[PDB]
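**Q** After the structure tokens below, expect a handful of questions from me.
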Amino acid sequence: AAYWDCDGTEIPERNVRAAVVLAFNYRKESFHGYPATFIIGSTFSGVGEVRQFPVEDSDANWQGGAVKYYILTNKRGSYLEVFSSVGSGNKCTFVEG
């Protein structure tokens with residue numbers, strides 16, 4: 001199975017896919033503070049509405065507390081990236097299989 005490598009920790013692909021659909025399920029900042037929204041006129045304007053929603057490295061979906069990893073996505077995931085809440089090395093790498 002594919003996965004994302006976040007600074008030496010595997011984020012399961014199914015968790016990222018779950019975060020895409022959860023991100024667009026909730027009103028802005030209403031599910032334990034998330035999702036963040038980036039609407040028309042924002043730095044994401046050209047890709048359509050983008051949302052930020054946290055993701056776990058474990059067999060669970062996020063629902064409160066510290067945010068260590070997160071996704072950015074548009075509704076269809078035609079834009080989809082995964083990040084860790086660190087500095088320089090924040091972007092996670094997609095690994096096929």
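Chains: A, B, ... in order of the structure tokens. Residues: from 1 per chain. Ligands: from 1, in order shown.
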Using only C-alpha atoms, which residues sit within 10 Å of residue 21 (chain A) once same-chain residues fewer than 4 positions away are excluded, as a VMD selection string?
**A** chain A and resid 16 to 17 25 to 26 53 73 75 to 77
**Q** Tell me which protein, DNA and RNA residues are within 6 Å of residue 72 (chain A), counting only C-alpha atoms, leaving out same-chain ones fewer than 3 positions away, and put them as number ranges by chain.
**A** A: 51-52, 80-81
**Q** Would you save the residues from that selection as a compact mmCIF listing (two decimals), in the first residue's frame, using N, CA and C atoms?
**A**
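Result file follows (out-v5.txt):
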# COMPACT_ATOMS: atom_id res chain seq x y z
N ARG A 51 -9.07 23.20 2.43
CA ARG A 51 -9.27 23.01 3.85
C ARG A 51 -8.08 22.28 4.48
N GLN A 52 -7.81 22.64 5.74
CA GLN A 52 -6.79 22.02 6.57
C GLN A 52 -7.47 21.15 7.62
N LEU A 80 -3.83 17.73 -3.01
CA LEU A 80 -3.72 16.99 -1.74
C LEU A 80 -2.26 16.92 -1.34
N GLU A 81 -1.93 17.48 -0.17
CA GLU A 81 -0.60 17.37 0.41
C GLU A 81 -0.72 17.11 1.92
**Q** Quick one: distance from CA of residue 86 (chain A) to CA of residue 2 (chain A) in Å, one decimal?
**A**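 Atom-to-atom, CA of residue 86 (chain A) to CA of residue 2 (chain A), that is 22.9 Å.
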**Q** List the neighbours of region 42-45 of chain A out to 10 Å using only C-alpha atoms; skip same-chain residues closer than 5 positions along the sequence, and give me the result as JSON, numbers by chain.
**A** {"A": [37, 50, 51, 74, 79]}
**Q** Just asking: which residues within chain A are alpha helix (DSSP H) according to DSSP, as a CSV table (one decimal) with N, CA, C and O atoms, in the first residue's frame?
**A**
chain,number,residue,atom,x,y,z
A,13,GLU,N,-2.1,5.6,4.1
A,13,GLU,CA,-2.9,6.3,3.1
A,13,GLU,C,-4.4,6.4,3.4
A,13,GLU,O,-5.0,7.4,3.1
A,14,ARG,N,-4.9,5.3,4.1
A,14,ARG,CA,-6.3,5.3,4.4
A,14,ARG,C,-6.7,6.5,5.4
A,14,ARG,O,-7.8,7.0,5.4
A,15,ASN,N,-5.7,6.8,6.2
A,15,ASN,CA,-5.9,8.0,7.1
A,15,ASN,C,-6.0,9.3,6.4
A,15,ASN,O,-6.8,10.2,6.7
A,16,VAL,N,-5.2,9.5,5.4
A,16,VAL,CA,-5.2,10.7,4.6
A,16,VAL,C,-6.5,10.7,3.8
A,16,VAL,O,-7.1,11.8,3.8
A,17,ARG,N,-6.9,9.6,3.2
A,17,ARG,CA,-8.2,9.6,2.5
A,17,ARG,C,-9.4,9.9,3.4
A,17,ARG,O,-10.3,10.7,3.0
A,18,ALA,N,-9.4,9.4,4.6
A,18,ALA,CA,-10.4,9.7,5.6
A,18,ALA,C,-10.4,11.2,5.9
A,18,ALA,O,-11.5,11.8,6.1
A,19,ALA,N,-9.2,11.8,6.1
A,19,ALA,CA,-9.1,13.2,6.4
A,19,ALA,C,-9.7,14.1,5.2
A,19,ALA,O,-10.2,15.2,5.5
A,20,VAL,N,-9.5,13.7,4.0
A,20,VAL,CA,-10.1,14.4,2.9
A,20,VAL,C,-11.6,14.5,3.0
A,20,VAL,O,-12.2,15.6,2.8
A,21,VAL,N,-12.3,13.4,3.3
A,21,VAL,CA,-13.7,13.4,3.4
A,21,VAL,C,-14.2,14.1,4.7
A,21,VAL,O,-15.2,14.8,4.7
A,22,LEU,N,-13.5,13.9,5.8
A,22,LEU,CA,-13.8,14.6,7.0
A,22,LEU,C,-13.7,16.1,6.9
A,22,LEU,O,-14.5,16.8,7.4
A,23,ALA,N,-12.6,16.6,6.2
A,23,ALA,CA,-12.4,18.0,6.1
A,23,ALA,C,-13.6,18.8,5.6
A,23,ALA,O,-13.9,19.9,6.0
**Q** How many Å separate CA of residue 34 (chain A) from CA of residue 8 (chain A)?
**A**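 Taking CA of residue 34 (chain A) and CA of residue 8 (chain A), their separation equals 25.3 Å.
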**Q** Between CA of residue 32 (chain A) and CA of residue 64 (chain A), what is the distance in Å, rounded to a tenth?
**A** 5.2 Å
**Q** Got a sec: who's within 10 Å of residue 67 (chain A), counting only C-alpha atoms, leaving out chain neighbours fewer than 5 positions off, as a ChimeraX atom specification?
**A** /A:53-56,62,84-85
**Q** Out of A:57, A:48, A:3, A:63, which residue has the shortest atom-to-atom distance to residue 31 (chain A) when counting only C-alpha atoms?
**A**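 Nearest to residue 31 (chain A): A:63.
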**Q** Return as JSON, numbers by chain the full set of residues in chain A whose backbone-based DSSP assignment is strand (DSSP E or B).
**A** {"A": [3, 4, 5, 6, 9, 10, 11, 12, 31, 34, 36, 37, 38, 50, 51, 52, 53, 54, 55, 69, 70, 71, 72, 73, 74, 80, 81, 82, 83, 84, 91, 93, 94, 95]}
**Q** Could the residues in this selection be written to a file with N, CA and C atoms, as a tab-separated table (two decimals), in the first residue's frame?
**A**
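This went into selection_38.tsv:
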chain	number	residue	atom	x	y	z
A	3	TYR	N	1.71	5.25	0.99
A	3	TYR	CA	1.69	5.98	2.26
A	3	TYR	C	2.41	7.30	2.09
A	4	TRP	N	2.34	8.14	3.11
A	4	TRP	CA	3.13	9.36	3.14
A	4	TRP	C	4.23	9.21	4.21
A	5	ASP	N	5.45	9.61	3.86
A	5	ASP	CA	6.59	9.65	4.79
A	5	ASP	C	6.65	11.07	5.35
A	6	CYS	N	6.31	11.23	6.63
A	6	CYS	CA	6.39	12.53	7.30
A	6	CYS	C	7.60	12.51	8.23
A	9	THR	N	8.23	9.07	9.79
A	9	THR	CA	7.04	8.40	10.34
A	9	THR	C	6.06	8.16	9.19
A	10	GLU	N	5.56	6.93	9.07
A	10	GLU	CA	4.57	6.60	8.06
A	10	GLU	C	3.17	7.06	8.49
A	11	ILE	N	2.51	7.81	7.61
A	11	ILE	CA	1.09	8.12	7.75
A	11	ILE	C	0.35	7.21	6.77
A	12	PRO	N	-0.50	6.30	7.30
A	12	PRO	CA	-1.22	5.41	6.41
A	12	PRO	C	-2.07	6.13	5.36
A	31	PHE	N	-15.16	21.39	14.42
A	31	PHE	CA	-14.86	20.04	14.93
A	31	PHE	C	-13.52	20.11	15.65
A	34	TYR	N	-11.29	22.60	13.93
A	34	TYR	CA	-10.96	22.35	12.52
A	34	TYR	C	-12.23	22.08	11.73
A	36	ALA	N	-9.65	24.47	9.09
A	36	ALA	CA	-9.39	25.81	8.59
A	36	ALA	C	-9.85	25.86	7.14
A	37	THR	N	-10.29	27.03	6.68
A	37	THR	CA	-10.74	27.20	5.31
A	37	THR	C	-9.94	28.29	4.61
A	38	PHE	N	-9.73	28.09	3.31
A	38	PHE	CA	-9.03	29.03	2.44
A	38	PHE	C	-9.92	29.22	1.23
A	50	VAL	N	-9.81	25.35	-0.31
A	50	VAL	CA	-8.90	24.40	0.33
A	50	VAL	C	-9.20	24.38	1.83
A	51	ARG	N	-9.07	23.20	2.43
A	51	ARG	CA	-9.27	23.01	3.85
A	51	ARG	C	-8.08	22.28	4.48
A	52	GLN	N	-7.81	22.64	5.74
A	52	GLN	CA	-6.79	22.02	6.57
A	52	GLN	C	-7.47	21.15	7.62
A	53	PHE	N	-7.07	19.87	7.72
A	53	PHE	CA	-7.67	18.98	8.72
A	53	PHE	C	-6.58	18.07	9.26
A	54	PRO	N	-6.55	17.86	10.59
A	54	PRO	CA	-5.47	17.04	11.13
A	54	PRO	C	-5.58	15.55	10.77
A	55	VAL	N	-4.45	14.84	10.85
A	55	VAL	CA	-4.39	13.40	10.55
A	55	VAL	C	-3.46	12.75	11.59
A	69	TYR	N	0.39	16.18	12.60
A	69	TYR	CA	0.31	16.04	11.14
A	69	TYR	C	-1.01	16.59	10.66
A	70	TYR	N	-1.04	17.09	9.43
A	70	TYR	CA	-2.29	17.57	8.85
A	70	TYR	C	-2.25	17.48	7.35
A	71	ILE	N	-3.44	17.50	6.73
A	71	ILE	CA	-3.57	17.58	5.29
A	71	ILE	C	-4.05	18.96	4.87
A	72	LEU	N	-3.72	19.31	3.63
A	72	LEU	CA	-4.39	20.39	2.90
A	72	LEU	C	-5.01	19.75	1.66
A	73	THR	N	-6.27	20.06	1.39
A	73	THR	CA	-6.98	19.45	0.27
A	73	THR	C	-8.07	20.35	-0.28
A	74	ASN	N	-8.37	20.23	-1.57
A	74	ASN	CA	-9.61	20.78	-2.10
A	74	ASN	C	-10.66	19.64	-2.08
A	80	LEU	N	-3.83	17.73	-3.01
A	80	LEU	CA	-3.72	16.99	-1.74
A	80	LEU	C	-2.26	16.92	-1.34
A	81	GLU	N	-1.93	17.48	-0.17
A	81	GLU	CA	-0.60	17.37	0.41
A	81	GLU	C	-0.72	17.11	1.92
A	82	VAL	N	0.31	16.50	2.46
A	82	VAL	CA	0.40	16.13	3.86
A	82	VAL	C	1.64	16.79	4.47
A	83	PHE	N	1.50	17.26	5.71
A	83	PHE	CA	2.54	18.02	6.42
A	83	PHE	C	2.67	17.57	7.86
A	84	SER	N	3.86	17.78	8.41
A	84	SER	CA	4.08	17.69	9.85
A	84	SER	C	4.25	19.09	10.41
A	91	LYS	N	7.05	19.26	4.76
A	91	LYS	CA	6.30	18.56	3.71
A	91	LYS	C	6.59	17.06	3.73
A	93	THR	N	6.38	13.20	2.00
A	93	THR	CA	6.61	12.65	0.66
A	93	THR	C	5.66	11.49	0.42
A	94	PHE	N	4.97	11.49	-0.73
A	94	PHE	CA	4.11	10.38	-1.14
A	94	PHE	C	4.97	9.25	-1.67
A	95	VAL	N	4.73	8.06	-1.13
A	95	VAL	CA	5.48	6.87	-1.49
A	95	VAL	C	4.50	5.88	-2.11
